[PDB]
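Colleague: Got a structure for you, questions after.
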Protein chains: 2
Amino acid sequence: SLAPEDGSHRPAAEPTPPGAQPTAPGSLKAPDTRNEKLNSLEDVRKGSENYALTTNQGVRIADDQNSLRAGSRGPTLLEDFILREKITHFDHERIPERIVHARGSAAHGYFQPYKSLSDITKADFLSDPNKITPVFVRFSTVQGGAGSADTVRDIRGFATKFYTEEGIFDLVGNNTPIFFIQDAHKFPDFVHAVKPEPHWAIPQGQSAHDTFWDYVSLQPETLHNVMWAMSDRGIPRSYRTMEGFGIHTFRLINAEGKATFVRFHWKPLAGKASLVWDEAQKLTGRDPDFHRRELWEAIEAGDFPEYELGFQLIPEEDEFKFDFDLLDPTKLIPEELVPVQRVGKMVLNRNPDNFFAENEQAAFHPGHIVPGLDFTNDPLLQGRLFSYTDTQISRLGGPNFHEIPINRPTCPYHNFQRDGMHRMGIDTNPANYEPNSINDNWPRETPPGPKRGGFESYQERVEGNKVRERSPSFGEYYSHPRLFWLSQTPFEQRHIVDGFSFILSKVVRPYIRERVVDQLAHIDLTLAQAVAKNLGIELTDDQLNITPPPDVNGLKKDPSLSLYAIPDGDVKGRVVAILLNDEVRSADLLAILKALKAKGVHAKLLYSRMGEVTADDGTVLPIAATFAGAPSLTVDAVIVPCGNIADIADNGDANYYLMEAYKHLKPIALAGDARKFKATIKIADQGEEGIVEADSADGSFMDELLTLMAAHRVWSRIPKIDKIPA
Amino acid sequence: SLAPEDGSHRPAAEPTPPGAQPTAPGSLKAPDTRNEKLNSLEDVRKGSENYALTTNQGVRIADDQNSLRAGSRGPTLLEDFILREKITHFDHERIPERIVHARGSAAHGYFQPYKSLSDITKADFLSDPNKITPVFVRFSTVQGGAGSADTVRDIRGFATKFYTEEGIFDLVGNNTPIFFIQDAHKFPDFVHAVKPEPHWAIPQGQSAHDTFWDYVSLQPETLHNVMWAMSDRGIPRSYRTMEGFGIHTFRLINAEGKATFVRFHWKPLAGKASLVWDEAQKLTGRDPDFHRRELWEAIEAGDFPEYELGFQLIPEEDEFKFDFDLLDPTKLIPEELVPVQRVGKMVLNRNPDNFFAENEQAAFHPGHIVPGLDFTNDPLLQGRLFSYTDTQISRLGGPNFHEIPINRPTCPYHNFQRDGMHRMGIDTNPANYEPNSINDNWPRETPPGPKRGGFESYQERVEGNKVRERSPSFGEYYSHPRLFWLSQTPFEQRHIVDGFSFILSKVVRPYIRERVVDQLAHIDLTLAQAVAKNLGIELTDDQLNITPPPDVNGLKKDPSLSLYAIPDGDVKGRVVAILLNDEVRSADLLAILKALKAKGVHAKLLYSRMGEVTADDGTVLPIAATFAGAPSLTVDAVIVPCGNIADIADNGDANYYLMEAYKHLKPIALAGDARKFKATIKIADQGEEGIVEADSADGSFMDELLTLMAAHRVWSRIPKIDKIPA
Ligand code: HEM
Ligand code: HEM
């Protein structure tokens with residue numbers, strides 16, 4: 001017995017805020033959170049408490065501290081099968097990481113539709129609002145390895161496995177509505193150009209290198225998704241506060257056999273929110289696990305990530321009605337033209353028990369569709385269908401990867417496939433082929449039908465010659481980049497310019513920077529000039545005269561493309577740093593902590609050391625972290641209560657905490673003598689918008705702070721931060 | 001043609017300083033740098049210029065931009081074998097990363113001894129000062145994955161593969177002279193506890209988490225290497241500026257059969273130097289590839305990493321003459337007791353061509369010894385012998401990993417082994433067994449002897465019962481930690497206290513913190529109390545009265561255990577940031593660059609934008625990076641020349657650059673009106689040691705700066721940095 005006698009080693013099995021308790025496996029933290037998939041995993045969950053330590057063959061071990069040797073200082077013997085089994089298993093623990101999206105974080109949850117969609121699709125999981133479908137979701141970055149940092153600038157992956165009654169459906173999307181390239185044949189070229197360069201394997205998690213921009217400059221189709229990656233969409237505050245998209249047009253097929261084109265969306269119910277670049281890049285150093293951590297702790301707190309599935313629907317007769325090709329994955333469909341129809345809600349409400357077994361071995365593949373859905377001829381989608389099946393054969397060790405417990409359907413599966421590495425299922429069917437008589441032909445084919453039918457493809461007409469040729473309808477590269485740009489707020493446009501400027505500054509070969517700047521001038525001359533100025537580049541008269549590309553079906557902006565143009569802020573689940581001193585005004589702290597609790601906003605109490613401090617009235621305040629240990633990067637706002645300010649006023653760490661929070665546009669509130677910190681951040685006497693200040697933390701101080709938190713960041717401060725040295 | 005007209009896409013094939021040219025594959029950057037191993041890889045080097053693009057079967061491709069489809073908007077066809085080959089290969093790119101030391105950076109080079117060692121060993125590679133042995137060396141961290149950052153706090157690996165005329169010898173060592181654990185049976189326990197925790201797979205690259213300190217607190221044998229990890233040894237400046245050690249006692253065997261015990265050492269000819277923690281941690285975010293980059297760029301510049309191989313030698317009759325067991329890998333052999341004898345020099349002088357083919361696939365294993373060496377009963381080394389061969393079977397895909405080109409011997413190898421996956425060698429021998437008559441028994445066994453003999457194990461006497469038992473002589477855990485602690489300078493001690501305080505503050509369960517402080521009180525009460533104070537823990541009276549452990553064979557200190565107590569500074573290869581303005585004084589720049597060139601120190605010219613600025617005499621200066629893009633973290637010292645200082649005086653980024661460099665203890669030099677920057681870092685008019693200042697940047701100014709750089713950092717400034725907000 002090595003556990004403390006007070007039982008403090010074990011976290012409470014009830015929701016608790018971030019940092020209040022050590023994190024735990026989801027079945028120990030939330031044993032009563034259940035769904036059909038989590039219940040079906042019971043057969044493979046292994047406990048531990050009260051069991052003897054054994055080999056994998058069930059033999060009890062007496063001494064797990066020592067190898068068998070001839071004499072206690074002698075050589076180790078070959079006959080030590082206990083040492084060799086333990087070291088052999090350790091020696092073979094790693095499997096290949098995913099070829100892209102190697103870094104990702106996952107959780108269990110469930111999905112329910114708001115109404116039956118049987119008029120447009122026979123998909124069983126969308127047939128009935130009382131039908132609950134378990135889900136497993138994995139969020140990821142794209143370029144870096146499984147040990148790379150979370151808050152890099154990158155596209156994010158948003159992969160959902162729906163365990164439906166008619167089959168697994170994987171919706172394998174990203175957090176932007178288009179991809180970089182048009183045909184799958186290019187995907188190894190593009191991914192090779194953005195990955196670390198092959199001679200020295202640098203840089204990790206970054207597009208800021210020459211090969212990426214070389215490919216971009218030569219492949220203008222990439223420019224649309226580049227614009228999105230360079231914007232603050234490339235640096236989300238959390239997986240909870242980004243959008244998701246299936247990117248491709250797919251089809252829905254109803255029981256009458258009618259096809260409707262569809263594009264899939266996820267809307268974050270917590271709102272859209274991103275970091276700023278310097279903060280994101282700093283955070284890759286101070287907490288490279290920040291999004292992983294935030295996801296897991298939101299779930300343990302009860303702040304479940306929620307997303308609304310929505311569909312943009314286009315009738316078959318309207319395939320050719322747009323200025324762009326529906327099949328072109330580098331083109332978005334503006335919501336002003338085709339609104340997103342709300343379809344259902346997904347809640348992620350339980351973490352995994354074991355990251356390797358459930359997250360790392362999870363396999364998602366966009367070819368996993370169910371009756372009621374079908375594909376289109378999008379030439380990027382068509383090639384993905386080959387790739388995911390193939391990669392999984394090496395990553396997961398063979399063709400029985402669907403037998404790995406996280407990947408198993410919860411519905412029946414029976415067929416004539418046999419053997420392969422790692423085969424779990426023991427088939428008793430006399431027959432392993434069909435047609436057969438010796439088992440009366442079971443398991444049997446099922447005709448298509450309105451419910452529980454076999455899968456049949458939509459009979460789309462194909463006509464043309466066998467060609468390797470890009471459709472001319474795909475040959476337009478600048479109008480969607482321009483629509484995105486014009487849709488952004490002025491501060492979002494500043495961050496895009498700063499994104500391109502910082503990143504192209506890292507391209508070593510200057511002609512590549514000049515080639516990128518030339519492509520920008522085909523998008524928008526204001527963008528191209530602002531980026532050129534930062535790079536010391538002067539546009540030519542020719543460049544200044546390129547005519548802008550056309551509007552997209554008459555649109556000169558679509559506000560749904562901006563993160564911030566339409567307010568959708570939600571504070572629940574956000575976190576505030578409170579900077580303590582050794583004699584805090586206890587009435588400030590009561591008012592601050594209860595107002596944050598009332599809105600589901602978490603707090604972290606910070607000081608110059610660990611332990612406790614004592615408030616004016618004798619209340620013992622437990623310290624969560626130090627100013628250096630939990631820097632401003634990790635919170636959404638900063639509150640300084642009154643008390644003995646001289647305790648911290650000369651603490652370089654406390655001042656720099658506020659300087660960093662201020663630079664990064666975060667709301668700051670200063671009560672009482674904490675206003676002395678105004679000099680640190682150069683705030684005028686009569687104050688400024690985004691700094692909350694009062695004699696005490698009572699009356700309207702917390703409401704004002706919370707209003708700032710709902711707007712996310714103080715964009716109006718952008719021209720004031722250029723001066724502060726932080 | 002896509003290349004720019006001027007040929008600027010291609011780096012010059014001559015040595016160039018960091019940033020002057022794009023980096024390149026070693027055989028293209030340095031085609032005249034050769035050794036027997038580099039030449040032998042010629043069979044498998046593949047060029048590219050003037051060749052047609054083909055499938056892997058040699059079929060020329062006409063259109064690599066498109067899949068085959070039925071019509072140009074039609075579905076992709078299964079008969080597209082070009083698309084499927086390209087996507088198959090991409091889908092199967094990844095192999096498992098190494099179970100530990102997955103993040104690493106490698107180069108080729110050569111070794112040669114200073115004099116023959118034939119009196120103590122028959123090893124052929126040590127037999128002749130004029131016989132050069134090629135090497136391949138990989139440096140690494142321990143815990144993080146292949147995509148984690150370089151400048152984490154961790155132990156580092158230093159693995160050298162010597163391609164000798166009598167077989168491959170791999171010296172697989174680390175940068176501290178002990179390990180954390182005593183018996184290989186515990187390695188999976190220790191590794192599991194340090195690695196990301198199994199529920200959520202957090203944290204990457206960091207021992208700052210509960211499981212690791214739980215293990216340490218229950219396994220006091222770990223404390224020695226924990227001390228080294230918590231010191232600035234855990235955060236080296238470069239792989240060129242750290243020590244290497246084989247850790248275990250091995251044997252040398254001479255031609256007369258005499259065994260001598262040996263421990264192996266590498267001494268860095270560039271000197272020992274480490275970062276400070278806040279610098280290291282921020283650099284994981286701003287350049288997570290810093291050590292990989294710095295190594296590759298030093299080699300491209302001609303600043304070849306050089307190390308001296310050194311042996312501590314103990315006669316067989318002196319095995320038991322110390323206070324500690326020589327076979328205990330948690331114990332070091334103080335150089336005050338047993339001096340390191342210099343043996344030879346290793347120079348790393350060429351980078352690889354392809355990081356995956358040569359670095360990722362390299363296999364090092366400490367069981368690869370040659371005649372003239374042998375093992376001892378060290379029970380950590382005994383289990384390593386099993387593990388490396390085993391793990392390479394899955395990581396590298398089968399038992400023919402020695403035919404992967406980097407791993408091949410350059411000396412003859414012939415035997416009766418056959419087959420296995422990806423067998424390259426085609427054996428012509430009629431026999432695949434011995435004894436045989438049908439091939440007159442070839443290849444034949446070779447008796448041992450003085451040179452070119454077969455391997456025979458030294459006939460150590462073994463006497464004991466078959467036991468799983470730790471030698472009693474290993475059960476002492478505090479005297480070597482205490483020796484190490486007392487051997488450190490006062491600032492090194494402060495950084496150890498700060499390393500423990502920062503890390504244990506991140507441990508969530510407070511009783512694990514308390515149990516580690518209790519361990520520290522068994523080492524040194526001053527250390528234990530300074531950590532306790534930062535953690536809000538009060539030592540009990542019993543803890544205050546714990547008797548210090550005994551001195552190590554009478555030693556109260558050994559200065560060879562400190563990074564800095566004995567100067568060994570070398571400025572060649574270091575880098576200075578020069579902060580430009582838009583009217584630089586050219587006479588300042590002349591003098592600065594001429595003095596830096598004389599000592600082989602590199603310069604990076606920084607400004608508030610890219611492109612060029614023009615000096616007072618019209619010299620056009622290309623800008624390397626912006627003040628934000630290349631922060632002070634990435635240089636050794638900062639110079640600000642005179643010129644139009646108003647251009648940069650109120651730039652936040654330039655002021656912050658100086659404040660960060662100051663906080664991180666780096667030399668700063670300010671010429672002429674650049675002295676106006678003294679106010680941002682609060683230097684008095686009379687000036688301060690570590691800040692060089694004058695009316696212009698003459699010979700005297702540069703000599704003082706280069707003097708400061710030779711002592712690496714300005715330790716005397718430590719008391720002044722806590723009040724700077726940076
Ligand atoms: C719209 C464009 C695409 C999107 C939205 C997309 C999305 C994703 C996501 C989210 C993952 C990670 C799934 C997980 O969390 O495990 C992924 C992995 C993968 N993607 Fe795609 N992807 C796209 C295009 C492609 C293309 C064109 C190919 C190849 C033809 C491809 C090949 C792969 C492979 C090989 C993996 C790793 C799968 C595994 O190991 O299980 N992706 N992609
Ligand atoms: C003195 C203590 C040890 C030192 C100095 C040491 C050093 C290293 C180094 C430097 C590497 C990376 C080599 C490379 O760059 O590829 C490595 C890899 C490894 N080490 Fe050790 N190690 C030690 C103890 C152990 C123990 C006790 C075991 C297991 C019994 C072990 C198992 C491994 C394994 C499995 C690898 C992966 C090798 C591969 O995949 O090729 N290590 N170690």
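How things are named: the first chain in the structure tokens is A, the next is B, and so on; residues count from 1 in each chain; ligands count from 1 in the order shown.
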Using only C-alpha atoms, which residues sit within 7 Å of residue 690 of chain B once same-chain residues fewer than 5 positions away are excluded, as a PyMOL selection string?
Modeller: chain B and resi 667-668+708+714
Colleague: Each residue of chain B with at least one atom at most 6 Å from ligand 2 should appear once, together with its nearest atom pair and the corresponding distance in Å (one decimal); atoms considered: only C-alpha atoms and all ligand atoms; ordering: chain, then increasing residue number; output as CSV.
Modeller:
residue,atom,partner,partner_atom_place_in_ligand_line,distance
B:98,CA,ligand 2,40 (O),4.0
B:99,CA,ligand 2,37 (C),5.2
B:100,CA,ligand 2,36 (C),5.4
B:101,CA,ligand 2,12 (C),4.9
B:138,CA,ligand 2,15 (O),4.7
B:139,CA,ligand 2,15 (O),5.9
B:157,CA,ligand 2,10 (C),3.5
B:158,CA,ligand 2,10 (C),4.9
B:159,CA,ligand 2,10 (C),4.8
B:172,CA,ligand 2,10 (C),4.9
B:173,CA,ligand 2,5 (C),3.9
B:174,CA,ligand 2,5 (C),4.5
B:179,CA,ligand 2,2 (C),5.3
B:184,CA,ligand 2,27 (C),4.3
B:187,CA,ligand 2,27 (C),5.3
B:246,CA,ligand 2,5 (C),5.9
B:247,CA,ligand 2,1 (C),5.2
B:363,CA,ligand 2,41 (O),4.6
B:364,CA,ligand 2,13 (C),5.4
B:380,CA,ligand 2,27 (C),5.0
B:383,CA,ligand 2,30 (C),4.8
B:384,CA,ligand 2,30 (C),4.1
B:387,CA,ligand 2,30 (C),5.1
B:388,CA,ligand 2,35 (C),5.2
B:391,CA,ligand 2,35 (C),5.4
B:392,CA,ligand 2,41 (O),5.5
Colleague: Using Å and a single decimal, report how far atom CA of residue 226 of chain A sits from atom CA of residue 532 of chain A.
Modeller: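 Going from atom CA of residue 532 of chain A over to atom CA of residue 226 of chain A, I get 16.9 Å.
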Colleague: Taking 3 positions as the minimum chain separation for residues in the same chain, which residues sit within 10 Å of residue 718 of chain A when counting only C-alpha atoms? Answer as a PyMOL selection string.
Modeller: chain A and resi 491+494+662-665+714-715+721-722
Colleague: Would you save the residues from that selection as a short mmCIF file (atom, residue, chain, number, x, y, z; two decimals), in the first residue's frame, using N, CA and C atoms?
Modeller:
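To be explicit, this is the file written out as selection.cif:
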data_model
loop_
_atom_site.label_atom_id
_atom_site.label_comp_id
_atom_site.auth_asym_id
_atom_site.auth_seq_id
_atom_site.Cartn_x
_atom_site.Cartn_y
_atom_site.Cartn_z
N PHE A 491 -9.70 44.00 -39.18
CA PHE A 491 -8.67 43.39 -38.36
C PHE A 491 -8.32 41.96 -38.84
N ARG A 494 -5.93 42.54 -41.66
CA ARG A 494 -4.62 42.79 -41.09
C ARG A 494 -3.92 41.47 -40.69
N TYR A 662 -2.19 41.94 -22.79
CA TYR A 662 -2.61 43.21 -23.48
C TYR A 662 -2.28 43.13 -24.97
N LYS A 663 -1.03 42.73 -25.28
CA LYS A 663 -0.54 42.58 -26.68
C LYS A 663 -1.45 41.64 -27.46
N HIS A 664 -1.92 40.59 -26.76
CA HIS A 664 -2.68 39.50 -27.42
C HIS A 664 -4.17 39.85 -27.42
N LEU A 665 -4.53 41.08 -27.03
CA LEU A 665 -5.89 41.61 -27.24
C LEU A 665 -6.93 41.09 -26.21
N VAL A 714 -10.18 42.31 -27.86
CA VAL A 714 -10.38 43.76 -28.01
C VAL A 714 -9.70 44.16 -29.32
N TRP A 715 -10.39 44.01 -30.44
CA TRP A 715 -9.76 44.32 -31.74
C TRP A 715 -9.33 45.79 -31.83
N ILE A 721 -0.98 48.26 -29.63
CA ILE A 721 -0.03 47.23 -29.14
C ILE A 721 1.36 47.31 -29.78
N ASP A 722 1.45 47.87 -31.01
CA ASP A 722 2.70 48.01 -31.80
C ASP A 722 3.84 48.62 -31.01
#
Colleague: Which residues come within 9 Å of residue 283 of chain A, counting only C-alpha atoms, excluding same-chain residues fewer than 5 positions away, as a list in words?
Modeller: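 So the residues in contact are residues 149, 150, 151, 152, 278, 288, 289, 290, 633 and 634 of chain A; 282 and 285 of chain B.
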Colleague: Report as a list in words all protein, DNA and RNA residues lying within 10 Å of residue 475 of chain A, evaluated on only C-alpha atoms, omitting residues in the same chain fewer than 3 positions from it.
Modeller: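 The residues that qualify are residues 182, 220, 221, 324, 325, 328, 470, 471, 472 and 478 of chain A.
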Colleague: What are the closest atom pairs, with distances in Å to one decimal, for all residues of chain B lying within 12 Å of ligand 1? Consider only C-alpha atoms and all ligand atoms, order rows by chain and residue number, and present the result as JSON lines.
Modeller:
{"residue": "B:67", "atom": "CA", "partner": "ligand 1", "partner_atom_place_in_ligand_line": "30 (C)", "distance": 10.8}
{"residue": "B:76", "atom": "CA", "partner": "ligand 1", "partner_atom_place_in_ligand_line": "30 (C)", "distance": 11.9}
{"residue": "B:83", "atom": "CA", "partner": "ligand 1", "partner_atom_place_in_ligand_line": "30 (C)", "distance": 9.2}
{"residue": "B:84", "atom": "CA", "partner": "ligand 1", "partner_atom_place_in_ligand_line": "30 (C)", "distance": 9.3}
{"residue": "B:85", "atom": "CA", "partner": "ligand 1", "partner_atom_place_in_ligand_line": "30 (C)", "distance": 11.4}
{"residue": "B:86", "atom": "CA", "partner": "ligand 1", "partner_atom_place_in_ligand_line": "30 (C)", "distance": 9.5}
{"residue": "B:87", "atom": "CA", "partner": "ligand 1", "partner_atom_place_in_ligand_line": "30 (C)", "distance": 6.3}
{"residue": "B:88", "atom": "CA", "partner": "ligand 1", "partner_atom_place_in_ligand_line": "35 (C)", "distance": 9.0}
{"residue": "B:89", "atom": "CA", "partner": "ligand 1", "partner_atom_place_in_ligand_line": "35 (C)", "distance": 10.1}
{"residue": "B:90", "atom": "CA", "partner": "ligand 1", "partner_atom_place_in_ligand_line": "35 (C)", "distance": 7.5}
{"residue": "B:91", "atom": "CA", "partner": "ligand 1", "partner_atom_place_in_ligand_line": "35 (C)", "distance": 5.0}
{"residue": "B:92", "atom": "CA", "partner": "ligand 1", "partner_atom_place_in_ligand_line": "35 (C)", "distance": 8.2}
{"residue": "B:93", "atom": "CA", "partner": "ligand 1", "partner_atom_place_in_ligand_line": "35 (C)", "distance": 9.5}
{"residue": "B:94", "atom": "CA", "partner": "ligand 1", "partner_atom_place_in_ligand_line": "40 (O)", "distance": 9.7}
{"residue": "B:95", "atom": "CA", "partner": "ligand 1", "partner_atom_place_in_ligand_line": "40 (O)", "distance": 11.9}
Colleague: Pick from B:452, B:423, B:237, B:515: nearest to residue 370 of chain B, with only C-alpha atoms counted?
Modeller: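 Among B:452, B:423, B:237, B:515, it is B:452 that comes nearest to residue 370 of chain B.
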Colleague: Interatomic distance between atom CA of residue 486 of chain B and atom CA of residue 229 of chain B?
Modeller: 15.6 Å
Colleague: Within 9 Å of residue 23 of chain B, counting only C-alpha atoms, which residues show up once you throw out same-chain ones fewer than 5 positions away? Write them as an NGL selection string, please.
Modeller: (:A and (199-200)) or (:B and (11 or 18 or 29 or 296-297 or 300))
Colleague: Point out the residue among A:556, A:293, A:599, A:45 with the least atom-to-atom distance to chain B, counting only C-alpha atoms.
Modeller: A:293
Colleague: Could you pull out the strand (DSSP E or B) residues of segment 6-171 of chain A from DSSP and send them as a PyMOL selection string?
Modeller: chain A and resi 54+60+68-70+76+104-113+133-141+156-164+167-171
Colleague: So which one's closest to residue 69 of chain A, B:409, B:464, B:622, B:134? Using only C-alpha atoms, please.
Modeller: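 Among the listed residues, the smallest separation from residue 69 of chain A belongs to B:464.
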Colleague: Excluding segment 570-579 of chain A and residues on its chain fewer than 2 positions from it, collect all residues at most 8 Å away from it, counting only C-alpha atoms, and give them as a list in words.
Modeller: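 Residues near the query, excluding close chain neighbours: residues 270, 271, 298, 303, 568, 581, 599, 600, 601, 602, 603, 604, 605, 606, 607, 627, 632, 635, 636, 637, 638, 639, 640, 641, 654, 706, 709 and 710 of chain A.
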Colleague: Between atom CA of residue 592 of chain B and atom CA of residue 619 of chain B, what is the distance in Å, rounded to a tenth?
Modeller: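 For atom CA of residue 592 of chain B relative to atom CA of residue 619 of chain B, the distance reads 15.1 Å.
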